[PDB]
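S.K.: The structure follows.
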Amino acid sequence: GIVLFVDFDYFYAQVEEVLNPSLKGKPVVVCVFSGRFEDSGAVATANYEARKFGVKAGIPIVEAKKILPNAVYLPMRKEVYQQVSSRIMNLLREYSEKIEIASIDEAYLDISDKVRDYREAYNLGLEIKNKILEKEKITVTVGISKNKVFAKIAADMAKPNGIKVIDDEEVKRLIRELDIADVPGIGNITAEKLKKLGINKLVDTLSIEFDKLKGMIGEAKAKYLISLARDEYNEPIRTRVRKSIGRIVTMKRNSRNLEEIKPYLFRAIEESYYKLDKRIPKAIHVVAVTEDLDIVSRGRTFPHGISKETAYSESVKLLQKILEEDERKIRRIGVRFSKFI
DNA sequence: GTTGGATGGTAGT
DNA sequence: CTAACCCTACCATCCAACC
Ligand SMILES: Nc1nc2c(ncn2[C@H]2C[C@H](O)[C@@H](COP(=O)(O)OP(=O)(O)OP(=O)(O)O)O2)c(=O)[nH]1
Ligand SMILES: [Ca+2]
Ligand SMILES: [Ca+2]
Ligand SMILES: [Ca+2]
């Protein structure tokens with residue numbers, strides 16, 4: 001079984017360069033403007049020229065403006081990138097209808113049947129990169145392995161505008177040699193628990209007591225890592241299905257005032273309900289980000305679909321429930337829908 | 001025991 | 001207002017209602 005993974009290069013920023021070809025070769029930074037003050041908010045992403053200077057996805061815009069004053073700062077246009085993204089997903093579809101869209105800019109193809117070996121798979125990767133550059137002038141990075149996880153890694157090892165195979169040989173070695181903190185799914189907190197344990201490599205997990213590992217990182221992660229290690233990982237490529245859709249906004253200033261918070265919450269509901277598109281949710285959750293940025297939420301599942309009217313009425317109740325129970329001012333407010341019929 | 005709801009932690013993009 | 005967006009997946013834990 002062979003799996004090809006495609007992840008587009010500095011996406012949002014690359015789209016901006018294609019739409020505006022003068023930008024290429026200069027620093028470009030795509031920003032989410034929060035509205036709270038001149039340049040309040042965060043960097044969605046930035047091109048490699050910009051990354052050279054410490055400007056990356058996630059930092060605060062005014063810090064980007066600090067460390068790289070003279071770059072090009074562009075406002076995020078999520079719908080433009082999504083149209084490009086849709087056109088590209090359809091290209092990848094030409095190459096295999098067995099596709100798994102994992103986000104705005106990346107996908108896993110199962111190519112077990114288009115190709116007999118890694119060499120052909122490699123050439124298909126080459127055939128892919130070309131088509132996308134032909135049709136959407138977008139460069140991408142391709143990872144090929146026997147499974148999602150190791151394909152992802154191959155891609156990570158090749159960014160930007162690269163293509164890499166990890167063959168059965170490589171897989172065997174990376175199990176023995178690749179730092180554990182580099183396994184997709186193993187973030188900071190986890191990685192820390194694993195070193196206190198003395199597990200630095202995927203292989204280290206084999207020679208430990210399952211119940212001792214579990215009783216540190218959780219069941220799900222423990223099984224997962226051991227599966228990886230035993231080279232028994234075989235999660236198929238499956239058509240992704242949204243489990244929840246929502247929207248959360250940033251207020252002009254922090255409040256506790258229901259009158260002041262309400263138009264933000266309602267804005268979220270409109271956008272959220274519009275993004276649903278013939279989907280009927282049985283569960284609503286109001287989500288609040290506090291002064292000190294701790295995230296907090298109150299929900300309700302009904303036994304039936306929620307109509308836009310129920311959602312309205314319900315989200316106010318729930319926002320009150322937060323305010324009743326947490327006495328910190330609120331900074332961002334939004335809503336989330338789930339359990340679609 | 002079962003599942004499944006509320007809330008929150010962790011991870012990733 | 002003085003930095004920290006935006007969105008979704010999956011999982012753990014704390015309960016409760018129950019086959
Ligand atoms: N608003 C916002 N958007 C983000 C954030 N992280 C990623 N994105 C968006 C912008 C990216 O172009 C798009 C794909 O992200 P990626 O993680 O794949 O990296 P990107 O393509 O930007 O650079 P690439 O070479 O992978 O590193 O997702 C974030 O923290 N906030
Ligand atoms: Ca990506
Ligand atoms: Ca990318
Ligand atoms: Ca990590």
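As shown in the structure tokens, the chain order sets the letters A, B, ...; within each chain, residues go from 1, and ligands are also counted from 1 in the order they appear.
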With only C-alpha atoms (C1' of nucleotides) counted and 7 Å as the cut-off, give the residues of chain C in contact with chain A, each with its shortest interatomic distance in Å and the pair that gives it, as a tab-separated table.
M.R.:
```
residue	atom	partner	partner_atom	distance
C:1	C1'	A:37	CA	5.5
C:3	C1'	A:60	CA	5.6
C:4	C1'	A:60	CA	6.2
C:5	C1'	A:42	CA	5.0
```
S.K.: Neighbours of ligand 3 within 9 Å, counting only C-alpha atoms (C1' of nucleotides) and all ligand atoms, as a ChimeraX atom specification?
M.R.: /A:6-12,104-106,140-141,159-160 /B:13
S.K.: Could those residues be written to a file, using N, CA and C atoms (P, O5', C5', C4', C3', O3' and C1' of nucleotides), as a PDB file, in the first residue's frame?
M.R.:
```pdb
ATOM      1  N   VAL A   6       0.182  15.519  -0.233  1.00  0.00           N
ATOM      2  CA  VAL A   6       0.482  16.815  -0.825  1.00  0.00           C
ATOM      3  C   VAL A   6       0.134  17.935   0.137  1.00  0.00           C
ATOM      4  N   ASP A   7       1.084  18.828   0.364  1.00  0.00           N
ATOM      5  CA  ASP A   7       0.866  19.983   1.216  1.00  0.00           C
ATOM      6  C   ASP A   7       1.397  21.231   0.480  1.00  0.00           C
ATOM      7  N   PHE A   8       0.521  22.195   0.189  1.00  0.00           N
ATOM      8  CA  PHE A   8       0.919  23.382  -0.586  1.00  0.00           C
ATOM      9  C   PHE A   8       1.862  24.329   0.167  1.00  0.00           C
ATOM     10  N   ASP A   9       2.679  25.053  -0.602  1.00  0.00           N
ATOM     11  CA  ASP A   9       3.741  25.909  -0.049  1.00  0.00           C
ATOM     12  C   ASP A   9       3.251  27.288   0.394  1.00  0.00           C
ATOM     13  N   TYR A  10       3.677  27.687   1.590  1.00  0.00           N
ATOM     14  CA  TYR A  10       3.236  28.954   2.207  1.00  0.00           C
ATOM     15  C   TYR A  10       1.910  29.485   1.670  1.00  0.00           C
ATOM     16  N   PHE A  11       0.858  28.697   1.834  1.00  0.00           N
ATOM     17  CA  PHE A  11      -0.290  28.760   0.927  1.00  0.00           C
ATOM     18  C   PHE A  11      -0.866  30.159   0.702  1.00  0.00           C
ATOM     19  N   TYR A  12      -1.436  30.729   1.761  1.00  0.00           N
ATOM     20  CA  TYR A  12      -2.142  31.989   1.675  1.00  0.00           C
ATOM     21  C   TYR A  12      -1.241  33.007   0.997  1.00  0.00           C
ATOM     22  N   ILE A 104      -7.084  23.021   4.506  1.00  0.00           N
ATOM     23  CA  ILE A 104      -7.249  23.961   3.398  1.00  0.00           C
ATOM     24  C   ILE A 104      -6.209  23.743   2.297  1.00  0.00           C
ATOM     25  N   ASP A 105      -5.033  23.206   2.675  1.00  0.00           N
ATOM     26  CA  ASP A 105      -3.879  23.157   1.784  1.00  0.00           C
ATOM     27  C   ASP A 105      -3.236  21.785   1.648  1.00  0.00           C
ATOM     28  N   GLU A 106      -3.851  20.752   2.216  1.00  0.00           N
ATOM     29  CA  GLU A 106      -3.211  19.452   2.149  1.00  0.00           C
ATOM     30  C   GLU A 106      -4.173  18.271   1.998  1.00  0.00           C
ATOM     31  N   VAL A 140       4.110  22.968  -4.525  1.00  0.00           N
ATOM     32  CA  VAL A 140       3.655  22.126  -3.423  1.00  0.00           C
ATOM     33  C   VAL A 140       4.778  21.202  -2.998  1.00  0.00           C
ATOM     34  N   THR A 141       4.634  20.541  -1.860  1.00  0.00           N
ATOM     35  CA  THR A 141       5.649  19.604  -1.402  1.00  0.00           C
ATOM     36  C   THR A 141       4.984  18.251  -1.286  1.00  0.00           C
ATOM     37  N   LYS A 159       9.852  20.394   2.720  1.00  0.00           N
ATOM     38  CA  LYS A 159       9.337  21.751   2.543  1.00  0.00           C
ATOM     39  C   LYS A 159      10.479  22.735   2.392  1.00  0.00           C
ATOM     40  N   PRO A 160      10.351  23.719   1.475  1.00  0.00           N
ATOM     41  CA  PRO A 160       9.240  23.922   0.523  1.00  0.00           C
ATOM     42  C   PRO A 160       9.536  23.394  -0.882  1.00  0.00           C
TER      43      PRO A 160
ATOM     44  P    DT B  13       0.775  20.830  10.878  1.00  0.00           P
ATOM     45  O5'  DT B  13      -0.444  21.706  10.386  1.00  0.00           O
ATOM     46  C5'  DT B  13      -1.437  21.033   9.589  1.00  0.00           C
ATOM     47  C4'  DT B  13      -2.530  22.028   9.272  1.00  0.00           C
ATOM     48  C1'  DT B  13      -2.955  24.069  10.437  1.00  0.00           C
ATOM     49  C3'  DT B  13      -2.010  23.130   8.357  1.00  0.00           C
TER      50       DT B  13
END
```
S.K.: Sort by chain and increasing residue number a table of all residues of chain A within 7 Å of ligand 4, each with its closest pair of atoms and their distance in Å to one decimal, counting only C-alpha atoms and all ligand atoms, and write it as a Markdown table.
M.R.:
```
| residue | atom | partner | partner_atom_place_in_ligand_line | distance |
| --- | --- | --- | --- | --- |
| A:181 | CA | ligand 4 | 1 (Ca) | 4.3 |
| A:182 | CA | ligand 4 | 1 (Ca) | 4.8 |
| A:183 | CA | ligand 4 | 1 (Ca) | 6.3 |
| A:184 | CA | ligand 4 | 1 (Ca) | 6.7 |
| A:186 | CA | ligand 4 | 1 (Ca) | 5.0 |
| A:187 | CA | ligand 4 | 1 (Ca) | 4.0 |
| A:188 | CA | ligand 4 | 1 (Ca) | 5.8 |
| A:191 | CA | ligand 4 | 1 (Ca) | 6.9 |
```
S.K.: Please, which residues of chain B lie no more than 8 Å from chain A when the count uses only C-alpha atoms (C1' of nucleotides), and can they be set out as a VMD selection string?
M.R.: chain B and resid 5 to 8 10 to 13
S.K.: Which of range 145-318 of chain A counts as strand (DSSP E) under DSSP, as a VMD selection string please?
M.R.: chain A and resid 145 163 to 165 244 to 255 281 to 290 295 to 301
S.K.: Those residues you just picked out, can you put them in a file as a compact mmCIF listing (two decimals), in the first residue's frame with N, CA, C and O atoms?
M.R.:
```txt
# COMPACT_ATOMS: atom_id res chain seq x y z
N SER A 145 5.00 7.73 1.31
CA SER A 145 5.38 6.60 2.12
C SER A 145 4.34 5.49 2.04
O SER A 145 3.46 5.50 1.17
N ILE A 163 9.90 17.01 -2.83
CA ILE A 163 9.29 15.70 -2.99
C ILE A 163 10.24 14.66 -2.40
O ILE A 163 11.42 14.63 -2.76
N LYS A 164 9.72 13.80 -1.53
CA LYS A 164 10.55 12.85 -0.83
C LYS A 164 9.85 11.52 -0.65
O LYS A 164 8.69 11.47 -0.31
N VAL A 165 10.57 10.43 -0.86
CA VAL A 165 10.07 9.11 -0.56
C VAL A 165 10.67 8.63 0.75
O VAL A 165 11.84 8.91 1.04
N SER A 244 -18.01 19.31 13.01
CA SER A 244 -18.43 20.53 13.67
C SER A 244 -18.08 21.69 12.77
O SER A 244 -17.10 21.65 12.07
N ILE A 245 -18.90 22.73 12.81
CA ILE A 245 -18.64 23.98 12.07
C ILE A 245 -18.98 25.13 12.98
O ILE A 245 -19.97 25.08 13.69
N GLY A 246 -18.15 26.16 12.99
CA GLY A 246 -18.37 27.30 13.88
C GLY A 246 -17.57 28.55 13.51
O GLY A 246 -16.90 28.61 12.48
N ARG A 247 -17.63 29.54 14.39
CA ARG A 247 -17.09 30.83 14.08
C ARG A 247 -16.91 31.53 15.41
O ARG A 247 -17.79 31.46 16.25
N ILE A 248 -15.76 32.17 15.62
CA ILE A 248 -15.58 33.00 16.81
C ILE A 248 -14.86 34.31 16.49
O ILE A 248 -13.90 34.33 15.73
N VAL A 249 -15.36 35.41 17.05
CA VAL A 249 -14.88 36.74 16.70
C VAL A 249 -14.22 37.43 17.88
O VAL A 249 -14.39 37.00 19.03
N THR A 250 -13.48 38.50 17.59
CA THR A 250 -12.77 39.27 18.60
C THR A 250 -13.47 40.59 18.84
O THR A 250 -13.78 41.31 17.90
N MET A 251 -13.74 40.89 20.10
CA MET A 251 -14.50 42.10 20.41
C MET A 251 -13.59 43.30 20.45
O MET A 251 -12.40 43.16 20.71
N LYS A 252 -14.17 44.46 20.17
CA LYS A 252 -13.45 45.74 20.13
C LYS A 252 -12.75 45.98 21.45
O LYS A 252 -11.66 46.51 21.49
N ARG A 253 -13.39 45.58 22.54
CA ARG A 253 -12.76 45.54 23.85
C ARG A 253 -13.41 44.47 24.72
O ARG A 253 -14.51 44.00 24.43
N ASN A 254 -12.73 44.08 25.79
CA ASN A 254 -13.23 43.03 26.68
C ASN A 254 -14.49 43.46 27.42
O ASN A 254 -14.56 44.58 27.94
N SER A 255 -15.48 42.57 27.48
CA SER A 255 -16.72 42.88 28.19
C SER A 255 -17.21 41.80 29.15
O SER A 255 -16.66 40.71 29.22
N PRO A 281 -27.72 20.65 12.82
CA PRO A 281 -27.00 20.20 14.00
C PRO A 281 -27.92 19.95 15.19
O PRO A 281 -28.92 20.64 15.36
N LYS A 282 -27.57 18.95 15.99
CA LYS A 282 -28.31 18.62 17.21
C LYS A 282 -27.65 19.23 18.44
O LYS A 282 -28.23 19.20 19.54
N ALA A 283 -26.46 19.82 18.27
CA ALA A 283 -25.73 20.38 19.40
C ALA A 283 -25.08 21.70 19.11
O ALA A 283 -24.37 21.86 18.11
N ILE A 284 -25.32 22.65 20.01
CA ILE A 284 -24.71 23.97 19.95
C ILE A 284 -23.81 24.17 21.17
O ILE A 284 -24.12 23.68 22.26
N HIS A 285 -22.70 24.86 20.99
CA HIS A 285 -21.81 25.21 22.09
C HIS A 285 -21.40 26.65 21.95
O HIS A 285 -20.95 27.06 20.90
N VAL A 286 -21.57 27.46 22.99
CA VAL A 286 -21.05 28.83 22.94
C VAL A 286 -19.64 28.79 23.51
O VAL A 286 -19.39 28.17 24.55
N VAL A 287 -18.72 29.44 22.80
CA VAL A 287 -17.29 29.42 23.13
C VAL A 287 -16.77 30.82 23.43
O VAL A 287 -16.96 31.73 22.62
N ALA A 288 -16.11 30.97 24.58
CA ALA A 288 -15.66 32.26 25.06
C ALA A 288 -14.18 32.24 25.36
O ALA A 288 -13.69 31.33 26.03
N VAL A 289 -13.45 33.24 24.87
CA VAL A 289 -12.03 33.38 25.22
C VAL A 289 -11.93 34.55 26.19
O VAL A 289 -12.42 35.64 25.90
N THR A 290 -11.32 34.29 27.34
CA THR A 290 -11.33 35.20 28.48
C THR A 290 -10.20 36.23 28.38
O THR A 290 -9.43 36.24 27.42
N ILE A 295 -9.68 29.39 27.32
CA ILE A 295 -10.88 29.14 26.55
C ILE A 295 -11.88 28.41 27.42
O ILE A 295 -11.49 27.54 28.20
N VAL A 296 -13.17 28.77 27.27
CA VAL A 296 -14.27 28.31 28.14
C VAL A 296 -15.58 28.16 27.35
O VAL A 296 -15.90 29.02 26.53
N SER A 297 -16.34 27.08 27.59
CA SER A 297 -17.53 26.82 26.76
C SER A 297 -18.68 26.18 27.49
O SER A 297 -18.49 25.38 28.40
N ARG A 298 -19.89 26.51 27.05
CA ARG A 298 -21.12 25.95 27.59
C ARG A 298 -21.98 25.44 26.46
O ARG A 298 -22.26 26.17 25.52
N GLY A 299 -22.40 24.19 26.54
CA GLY A 299 -23.20 23.60 25.48
C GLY A 299 -24.52 22.98 25.87
O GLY A 299 -24.89 22.90 27.06
N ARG A 300 -25.25 22.56 24.84
CA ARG A 300 -26.45 21.73 24.98
C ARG A 300 -26.68 20.90 23.70
O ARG A 300 -26.62 21.42 22.58
N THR A 301 -26.91 19.60 23.88
CA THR A 301 -27.38 18.74 22.82
C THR A 301 -28.87 18.54 22.97
O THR A 301 -29.35 18.20 24.05
```
S.K.: Skip residue 47 in chain A itself and residues of its chain fewer than 6 positions away, then list as a ChimeraX atom specification all residues within 9 Å of it, counting only C-alpha atoms (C1' of nucleotides).
M.R.: /A:9-14,24,26-30,55-56
S.K.: Would you save the residues of that selection, restricted to N, CA, C and O atoms, as a PDB file, in the first residue's frame?
M.R.:
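Writing done, so here's selection.pdb:
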```
ATOM      1  N   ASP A   9       2.679  25.053  -0.602  1.00  0.00           N
ATOM      2  CA  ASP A   9       3.741  25.909  -0.049  1.00  0.00           C
ATOM      3  C   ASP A   9       3.251  27.288   0.394  1.00  0.00           C
ATOM      4  O   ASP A   9       2.507  27.976  -0.333  1.00  0.00           O
ATOM      5  N   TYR A  10       3.677  27.687   1.590  1.00  0.00           N
ATOM      6  CA  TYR A  10       3.236  28.954   2.207  1.00  0.00           C
ATOM      7  C   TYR A  10       1.910  29.485   1.670  1.00  0.00           C
ATOM      8  O   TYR A  10       1.831  30.582   1.157  1.00  0.00           O
ATOM      9  N   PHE A  11       0.858  28.697   1.834  1.00  0.00           N
ATOM     10  CA  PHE A  11      -0.290  28.760   0.927  1.00  0.00           C
ATOM     11  C   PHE A  11      -0.866  30.159   0.702  1.00  0.00           C
ATOM     12  O   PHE A  11      -0.775  30.712  -0.408  1.00  0.00           O
ATOM     13  N   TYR A  12      -1.436  30.729   1.761  1.00  0.00           N
ATOM     14  CA  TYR A  12      -2.142  31.989   1.675  1.00  0.00           C
ATOM     15  C   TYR A  12      -1.241  33.007   0.997  1.00  0.00           C
ATOM     16  O   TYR A  12      -1.660  33.688   0.074  1.00  0.00           O
ATOM     17  N   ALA A  13       0.011  33.063   1.422  1.00  0.00           N
ATOM     18  CA  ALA A  13       0.976  33.986   0.856  1.00  0.00           C
ATOM     19  C   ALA A  13       1.326  33.659  -0.614  1.00  0.00           C
ATOM     20  O   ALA A  13       1.552  34.592  -1.448  1.00  0.00           O
ATOM     21  N   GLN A  14       1.372  32.365  -0.946  1.00  0.00           N
ATOM     22  CA  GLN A  14       1.647  32.000  -2.319  1.00  0.00           C
ATOM     23  C   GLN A  14       0.488  32.382  -3.200  1.00  0.00           C
ATOM     24  O   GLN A  14       0.707  32.804  -4.347  1.00  0.00           O
ATOM     25  N   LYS A  24       6.376  38.467  -5.416  1.00  0.00           N
ATOM     26  CA  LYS A  24       7.329  37.361  -5.393  1.00  0.00           C
ATOM     27  C   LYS A  24       8.785  37.832  -5.307  1.00  0.00           C
ATOM     28  O   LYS A  24       9.197  38.709  -6.065  1.00  0.00           O
ATOM     29  N   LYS A  26       9.973  39.125  -2.560  1.00  0.00           N
ATOM     30  CA  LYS A  26       9.954  40.050  -1.427  1.00  0.00           C
ATOM     31  C   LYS A  26       9.183  39.426  -0.273  1.00  0.00           C
ATOM     32  O   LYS A  26       8.390  38.510  -0.499  1.00  0.00           O
ATOM     33  N   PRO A  27       9.401  39.921   0.960  1.00  0.00           N
ATOM     34  CA  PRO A  27       8.646  39.439   2.113  1.00  0.00           C
ATOM     35  C   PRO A  27       7.163  39.718   1.952  1.00  0.00           C
ATOM     36  O   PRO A  27       6.788  40.832   1.582  1.00  0.00           O
ATOM     37  N   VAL A  28       6.337  38.708   2.213  1.00  0.00           N
ATOM     38  CA  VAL A  28       4.880  38.843   2.191  1.00  0.00           C
ATOM     39  C   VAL A  28       4.273  38.211   3.435  1.00  0.00           C
ATOM     40  O   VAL A  28       4.630  37.091   3.817  1.00  0.00           O
ATOM     41  N   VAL A  29       3.356  38.931   4.063  1.00  0.00           N
ATOM     42  CA  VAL A  29       2.743  38.477   5.289  1.00  0.00           C
ATOM     43  C   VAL A  29       1.237  38.673   5.243  1.00  0.00           C
ATOM     44  O   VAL A  29       0.731  39.791   5.097  1.00  0.00           O
ATOM     45  N   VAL A  30       0.529  37.555   5.363  1.00  0.00           N
ATOM     46  CA  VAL A  30      -0.912  37.543   5.378  1.00  0.00           C
ATOM     47  C   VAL A  30      -1.420  37.574   6.814  1.00  0.00           C
ATOM     48  O   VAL A  30      -1.046  36.727   7.621  1.00  0.00           O
ATOM     49  N   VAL A  55       9.349  36.002  11.162  1.00  0.00           N
ATOM     50  CA  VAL A  55       7.905  36.182  10.941  1.00  0.00           C
ATOM     51  C   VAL A  55       7.200  34.901  10.472  1.00  0.00           C
ATOM     52  O   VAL A  55       7.339  34.497   9.310  1.00  0.00           O
ATOM     53  N   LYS A  56       6.434  34.273  11.363  1.00  0.00           N
ATOM     54  CA  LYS A  56       5.749  33.009  11.042  1.00  0.00           C
ATOM     55  C   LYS A  56       4.268  32.990  11.414  1.00  0.00           C
ATOM     56  O   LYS A  56       3.771  33.868  12.126  1.00  0.00           O
TER      57      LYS A  56
END
```
S.K.: Which is closest to ligand 2 among A:71, A:133, A:50, A:155, if we use only C-alpha atoms and all ligand atoms?
M.R.: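 Closest candidate: A:155.
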S.K.: Measure the distance from CA of residue 178 in chain A to atom 3 (N, counted along the ligand's line) of ligand 1 in Å and round it to one decimal.
M.R.: 27.9 Å
S.K.: What is the distance between CA of residue 77 in chain A and CA of residue 269 in chain A, in Å to one decimal?
M.R.: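 Value for the CA of residue 77 in chain A-CA of residue 269 in chain A distance: 20.1 Å.
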